[PDB]
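Let me begin by presenting the structure, written as structure tokens, before commenting on it.
Protein chains: 6
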Amino acid sequence: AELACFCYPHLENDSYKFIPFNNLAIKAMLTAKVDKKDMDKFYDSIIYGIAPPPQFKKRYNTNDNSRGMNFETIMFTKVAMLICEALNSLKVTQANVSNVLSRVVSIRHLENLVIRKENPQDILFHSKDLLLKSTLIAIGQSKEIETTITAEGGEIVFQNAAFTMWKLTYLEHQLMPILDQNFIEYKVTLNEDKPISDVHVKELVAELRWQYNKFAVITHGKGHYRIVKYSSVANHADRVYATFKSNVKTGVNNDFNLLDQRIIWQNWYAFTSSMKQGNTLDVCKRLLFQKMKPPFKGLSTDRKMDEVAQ
Amino acid sequence: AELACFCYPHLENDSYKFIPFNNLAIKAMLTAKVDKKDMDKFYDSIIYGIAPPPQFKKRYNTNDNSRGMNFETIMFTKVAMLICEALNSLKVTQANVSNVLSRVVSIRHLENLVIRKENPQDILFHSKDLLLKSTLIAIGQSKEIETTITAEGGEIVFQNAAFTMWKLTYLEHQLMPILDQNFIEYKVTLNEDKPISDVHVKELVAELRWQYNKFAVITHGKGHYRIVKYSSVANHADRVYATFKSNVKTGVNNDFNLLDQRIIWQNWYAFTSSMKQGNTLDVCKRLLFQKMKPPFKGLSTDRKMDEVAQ
Amino acid sequence: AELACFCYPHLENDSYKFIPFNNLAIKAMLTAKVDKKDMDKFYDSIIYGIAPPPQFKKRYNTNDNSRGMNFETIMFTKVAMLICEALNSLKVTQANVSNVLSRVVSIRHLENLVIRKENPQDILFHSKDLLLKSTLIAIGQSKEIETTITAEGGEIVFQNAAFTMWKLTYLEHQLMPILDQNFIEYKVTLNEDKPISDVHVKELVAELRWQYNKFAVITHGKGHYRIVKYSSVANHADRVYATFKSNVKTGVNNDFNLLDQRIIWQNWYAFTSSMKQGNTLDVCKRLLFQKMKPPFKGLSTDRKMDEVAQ
Amino acid sequence: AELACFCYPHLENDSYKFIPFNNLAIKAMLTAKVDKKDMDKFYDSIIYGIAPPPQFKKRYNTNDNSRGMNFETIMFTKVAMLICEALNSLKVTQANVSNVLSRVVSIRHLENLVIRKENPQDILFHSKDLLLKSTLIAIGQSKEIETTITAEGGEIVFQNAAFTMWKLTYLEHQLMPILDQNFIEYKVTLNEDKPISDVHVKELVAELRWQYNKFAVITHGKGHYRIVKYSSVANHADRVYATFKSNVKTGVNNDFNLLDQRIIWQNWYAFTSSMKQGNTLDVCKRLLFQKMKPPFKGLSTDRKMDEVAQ
Amino acid sequence: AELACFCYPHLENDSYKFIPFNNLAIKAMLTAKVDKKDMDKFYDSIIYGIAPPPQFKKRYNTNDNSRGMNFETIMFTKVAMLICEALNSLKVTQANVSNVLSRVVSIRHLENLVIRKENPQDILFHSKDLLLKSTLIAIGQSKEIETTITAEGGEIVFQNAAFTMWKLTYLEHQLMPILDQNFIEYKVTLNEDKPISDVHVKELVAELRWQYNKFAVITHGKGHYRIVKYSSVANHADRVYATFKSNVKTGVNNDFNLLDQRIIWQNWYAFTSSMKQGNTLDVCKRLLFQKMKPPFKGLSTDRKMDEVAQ
Amino acid sequence: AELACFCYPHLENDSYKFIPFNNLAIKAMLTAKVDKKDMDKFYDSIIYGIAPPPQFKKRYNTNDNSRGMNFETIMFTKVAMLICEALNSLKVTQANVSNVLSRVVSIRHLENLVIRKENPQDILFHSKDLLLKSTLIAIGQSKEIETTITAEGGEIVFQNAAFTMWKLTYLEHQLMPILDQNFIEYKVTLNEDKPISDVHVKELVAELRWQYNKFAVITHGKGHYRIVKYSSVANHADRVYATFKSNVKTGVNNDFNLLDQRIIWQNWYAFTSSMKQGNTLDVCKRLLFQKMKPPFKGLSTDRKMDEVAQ
Ligand SMILES: [Cl-]
Ligand SMILES: [Cl-]
Ligand SMILES: [Cl-]
Ligand SMILES: [Cl-]
Ligand SMILES: [Cl-]
Ligand SMILES: [Cl-]
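Residue numbers (the authors' numbering), protein chains in the order written: chain U, 2 to 295, 299 to 314; chain S, 2 to 295, 299 to 314; chain L, 2 to 295, 299 to 314; chain B, 2 to 295, 299 to 314; chain V, 2 to 295, 299 to 314; chain E, 2 to 295, 299 to 314.
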């Protein structure tokens, strides 16, 4: 959802500060009759403060909407506050406020950061600089790519010198849980944005081939791998291409890290390279479904024999 | 109940301060043998402090009374304290104490204000001036009429530029819950005590005609609308007329805002206008039951067609 | 779903008898690798008997399907048996079996008949002839239209000399419950398939205008009224037109009872009359959304005044 | 455990009938002081009838034994009765009784047959001949091998024209549940003891390679496949070799079906062929751990591409 | 309690049949005003039939009595019926009825027989002759002594060729449970009323010395051992002597089996022998408390060494 | 487990401070691919800090290990902190760190000290010096032997002027509970490390002979008695001899207090004296199983007679 679904701007001393919404103010907005010229303007619920613009009613779950977020949840306030602490660390100026609040962000990403920041074991609990760095990446206001230390988080299921693999815990989320209970997705972040030796690559590929043979190794171009069911990789291609097509239309630059060709699923590397080369959706998406028959041979066999022993 | 059911006066430096009762002191009073000359005097339970006058035993629920209040409830203390903070904001003088404590107030109104004041989202939590303004209206010690910001509260179910509609939550109340579970009443407050444009009136009427077609739009004259089942509007007429008749007998002024004729139910506007003109109960109450066949035509049809679309 | 989702044919003495499936046989089928030439043929699970054709896997809820039926439910067997008792009352011959089993039926309709037949208060519990009549209507193997005595059932919420109004209990169903919890639909059956006096029509219309003002009074042409939210009447038009278009294409006769023009919602009567006259979907569906401004005036006022009294 | 852990022989008319034990008689035996010469003889608990020989106390779970069976369970009686119905279908003669009761059988196998026989959907519920055939195989008193119809049972997770794959439900068993909760084993039975076409073999291998890539496909020689974790295949080799070594020592014939070489895990086919050829445990077990690098190429790729589509 | 607390006599054809009381008839009796001359006569509750004589109110637990029995329990009816089946197996004649109903019996003994008779594993469930034999012993209407097969029952904790040791389950009883929760008593019955070899005696003594070193081995003279805490053996002596003194006063014969001197606790054998010789309570009870320092040496050591091994 | 399973060293100002692990850092380590040369080195989980060396994965319970500790428990952190407070009270220097962290300690001992230190009634709650003294004994970094005041703790079941007897509460432990539920062990500490009069010895022996006749009185040489089931004393001998053999091999001194010969079980005193004299395991362990037939005669009889009285 848009950043304007969690906070409204308030100017103080020629520098903007952002204020979380009260969920009851959102609840009052959802019952409001509003002019068409006011659907983009912030809403005054007399009792509970400012509420998001009524054009955003879709974003909130009501008895009629199940495709929004659970704003009456404590996690909503926590996520909204996390957004505000990041936006207040910037000094957004008047010309930028509407664009920053127009930014679409992953709510599940922001909830997982809250889960990290409130965990005393997690480094994000102890480093406001790292927490702010991670959030600014999450809200698209940072040049840096997500690595392990700044990762969205979840359950660590594999780690080596170069990579950390996370199980995405979206089924347990308070604010915007994924509703299909058949959902499983993993995420492999780089521990350091640096060249990675071949043995650490083999360690990752061997674990993905053995433990996750039913999953595609793909990427959305932002610097980390996504471990995704093969039955859903076609939908990922649609969303990835919609994003790449949007930035060409919107003029904003499309920087797409294809990542390691020896790790990425071959068909996905073909579909993304062809997309980067400027092909149409139909052209490069047909490369997902065509079997290109053609590294690290015997990696699966080595792991299996290590299981037969021990 | 009377304000004396929650607090007793204590003089300090020629200015009165009011003290909430302990519920155990009330419990001791209910078991007390008292002279007739002492039924109006405050009762000394040796152990738990001062208790209300024994003439008020009716007001408290016992195994023999279910038509009083649940004084052994934490909400009793909270409501009593709310009354005291308001009475202490005045400086009631000796001549006035008995009349102020004689004031009959709506307990459900005072409980809903407690619910607002303890909610951090509600403006009453943050403005002691607004909370005191709202309470002084509730206890009949203010000239101003209840508007949205100072409203008794409840669930917001409709809002526009001019009005806020509340669902009265009396079935969930701790202190004096309504016992018929078939009860539903709403309340429409003015956001601002100001002339209201015709479009904002149409928005309200269209919502009441469509969403609340089984409810009468009436008023008790104190500046806001009451959305009331038609099956109970006859009882409202009795209470409204008893009040109007009392003030004529008691000499206190009867100021009765009939409110907008285009919003009020036609029969109720007739019964209240006729009452204001000085007619007997039988005369003006017969106007409730007689069908006067004779605004905003097609408002119900427009809303219905907006539902057929979308 | 198709009748073949509940039973398979077994020939005995040149007359067909139908046998319910075991749900474990269905469970075995859902895990079966099957040739393409065998997707229409009944499946032999060695252990649990015959299973439906693998082309019907969509009809059964699995972890991957939530848009099918809960076949592992006792209600599945009960519904399947109800289908078999009806099909065995016919003597389906070889040429007819595949067409009878191809018939698409409302599962929720069949579950409600089970609910009636197992209720000792219901006449369907006591008359196997009436139960068989009701089921044969439900599975499209009867000339007669559904009336009150043969109705699908549910909760009676209104009744007079001519009509019975049922609340459809689909949210509580075991086999194929409706998942949107915001669902409410009613159904008005004729007590007798006979001309109906004007006073009994007024009684129905007055109750629908007063108690169900937010609902459209429509029909799918099979002889009874459906009380449906205005927000969903557009979807009903799509399904009704798809059915009418199918029978023109499939050559099967389209007999569409428009029912009483004084009861049916005006726009729906226009959309269905125009459909019957042979117009395209776009032509007659635009009549749903256009406000035609133009019986029984003051019916709503009479009911409201009866509430103000008593 | 031995068959004598569930029943004792009782002679009637020169033909033996077997009687289940009462669990309280077993409980009395476990507290009994017994001579050494009587440890093999059946025990008379005065109150609860005959009890198994005290040499079998190991087989029963007590507070000191957790490696036996839960005899105080209703499933014990059910399994014991199942054994007796099978033994009574034979007419065991005096010379044979002690050997038949000496037979060691899989308790989990017998419990799963009880689960099948008490399920009205299962064919074993309806065919006493099939139930007796299945039990006689289970207790080693039949020439025939276990196929699908006579299978031990469990959850069907794959089926085609030639094979049925069962999930072994040992963690949920009442009588002798497997205690490691990390246990998962499957079992592939032949639907018919017959030559099997190559396409039905490919269907099985493709499902095992894709859905069970972390499992070894082995066999214990009795005519069906066992789908077993690679980490436990070494323990299976020990038990398989102990059995093969026992029959050579005990003189009883060792008939070991190696099954299809294109389905069995290559190393297991080598270890079992070498065992059949008469090699020592060390010789043929080293073939499990040595990687022999050398059917049905691209089967895994075809299944994966079918997932990318649909 | 007396047998008259469970049944009343009804004459049929010059032979008495006994009828259980209804507990509501007992409840009516407990609230009855009765003449003194009628305190021994059976009570007519008009509604619930005959009730026990009002002189027995002590025997029934009321809010004022906790030292009686829980007659409103299903076990009361079961015990009463068990008494009646035994009394009806006799043909009590007119002269005997009052004496038979005057017999005092152990209610806990009778409840344990009910527990045996309703257990399908127990031989008492299957032999009405054995059940009647056991009950007639329990109600003092049989010459035979309690042995294992006719035992009161409980939990078997030791058994050998000659003895069965029972844990008395009185804390779990429905009708008259022992209320001190610190109660533990065992009972050793003879399997056969026959001379017993020395090895079977050693087996018992070794188990009592090792497993029950804090318990006295005593007897009440009726042919079986009672395993009793040393802290309570003084109370057993009081009750045993009261019984022996009663029969000398009442003239009824005192037959007291001292049982095996090598098993009985030495002091108890002295106290009972001295009582049998006709000494006063003070004389023979002082032998309980005096330490007589003087079989089967090293029995405790052998058992302990068998534990160090294995 | 080793002390390195709870903390890692961090140098500050030429003196080492020890830091507890986060359990999530341990959880990340358990999923880590690590070189062989790094299995002894502390592991960096990027997110949760330092983790123990991967050679210690055995020590932590996972779904595959049930023979380790429950590190995700709050008690793990509490025990780790207790270790750190003790290690920080020393000033471990660089040469000593690896040896101190190599020390193997009883986790159950450390958990019981946590239970003492967090109990406001316990002196360890109030004396940081006594708590540190007790912990340093527990982690083998103190010359002093465990006495009552510094005891591991548990339930006091006997106490006199010289001894305190504790019931070891290992079945209720959070971190490393004993899993056999048949476990019972006691521990007798000296109240003061001083010669003990004969009457206080008799008091202890009389209580152990009477109340714990099924338990062996042994010791592991560290200055206190262990009350242990006879069935497990053979396993204690194995562990005691393994320890004594280790220190002779490892060169570290073997100081073994045999304790009072009148209290220790005779066979254990023989096995430990013979071990101290330098005999092989087989030689001195055979003295456990051989019955040496040969203090304080009549102690058991005196206690029993005190029970017969009172
Ligand atoms: Cl990405
Ligand atoms: Cl008002
Ligand atoms: Cl219809
Ligand atoms: Cl096999
Ligand atoms: Cl006795
Ligand atoms: Cl020790």
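All C-beta atoms in this analysis are idealised placements derived from N, C-alpha and C, irrespective of residue type, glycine included.
Asked	Found
Any beta carbon of chain U sitting closer than 8 Å to that of S/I185?	no
For a contact meaning CB atoms closer than 7 Å, what does B/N23 contact in chain V?	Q122
Can you check the stretch 60-123 of chain V for any alpha helix (DSSP H) of at least 4 residues that lies completely inside it and give the ranges in chain order?	75-90, 98-103 and 108-118
Tell me which same chain residues have a C-beta within less than 7 Å of the C-beta of L/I185, skipping the five on either side of it?	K230
Span of the alpha helix (DSSP H) holding E/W211?	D199 to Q212
Please list, in chain order, all residues with a C-beta atom less than 7 Å from at least one heavy atom of ligand 2.	S/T220, S/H221, S/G222, S/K223, S/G224, S/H225 and S/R227
Got a sec? Which residues, its chain only, sit under 6 Å from L/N161 by beta carbon, not counting five neighbours each side?	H201 and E204
Counting Cβ pairs, one atom from each stretch, are 3 or more of them under 8 Å apart for the stretch 21-34 of chain U and the stretch 54-66 of chain U?	yes
Got a sec: which bits of the stretch 7-36 of chain L sit with their beta carbon under 9 Å from any beta carbon on chain B, in order along the chain?	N23, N24, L25, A26, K28, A29, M30, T32, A33, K34, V35 and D36
Is the number of C-beta pairs between the stretch 3-10 of chain B and the stretch 75-87 of chain B that are closer than 8 Å three or more?	yes
Please say whether U/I264 and U/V206 have beta carbons closer to each other than 8 Å?	yes
Using a Cβ cut-off of 8 Å, which residues of the stretch 278-291 of chain S contact any Cβ in chain L, in chain order?	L289 and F290
Use the C-beta contact count for U/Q314: other C-beta atoms within 10 angstroms, 16 or more gives buried, fewer gives exposed.	exposed
Enumerate, from N- to C-terminal direction, the unbroken alpha helix (DSSP H) stretches of 4 or more residues contained entirely within the stretch 264-291 of chain L.	267-277 and 282-290
Touching or not, the stretch 251-270 of chain U and the stretch 279-287 of chain U, by the rule of three or more beta carbon pairs under 8 Å?	no
Answer with buried or exposed for S/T190, where buried requires no fewer than 16 other C-beta atoms within 10 angstroms of its C-beta.	buried
Look at the Cβ atom of E/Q278, then the Cβ atom of E/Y270, and state whether they are nearer than 8 Å.	no
Verify whether the separation of the beta carbon atoms of B/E311 and B/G224 is less than 8 Å.	no
Thinking C-beta only, is L/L91 closer than 8 Å to L/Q142?	yes
Just to confirm, are L/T165 and L/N183 a CB contact at a threshold of 8 Å?	no
Express the C-alpha separation of V/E208 and V/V241 in angstroms, rounding to a whole number.	26 Å
Alpha carbons only, please: which of L/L131, L/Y44 and L/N113 is nearest the one belonging to L/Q56?	L/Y44
For S/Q160, which beta-bridge partners are listed by DSSP?	U/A33 and S/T165
Whole angstroms is fine: what's the gap from B/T74's alpha carbon to L/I48's?	27 Å
Rounded to whole angstroms, what is the Cα-Cα separation between S/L133 and S/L102?	17 Å
Using the three-state DSSP reduction, which class does E/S135 fall into: helix, strand or coil?	helix
In angstroms, rounded to a whole number, what distance separates the CA positions of U/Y226 and U/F216?	12 Å
For the candidate residues V/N268, V/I108 and V/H127, whose alpha-carbon lies nearest to that of V/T220?	V/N268
Three-state secondary structure (DSSP) at U/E311?	helix
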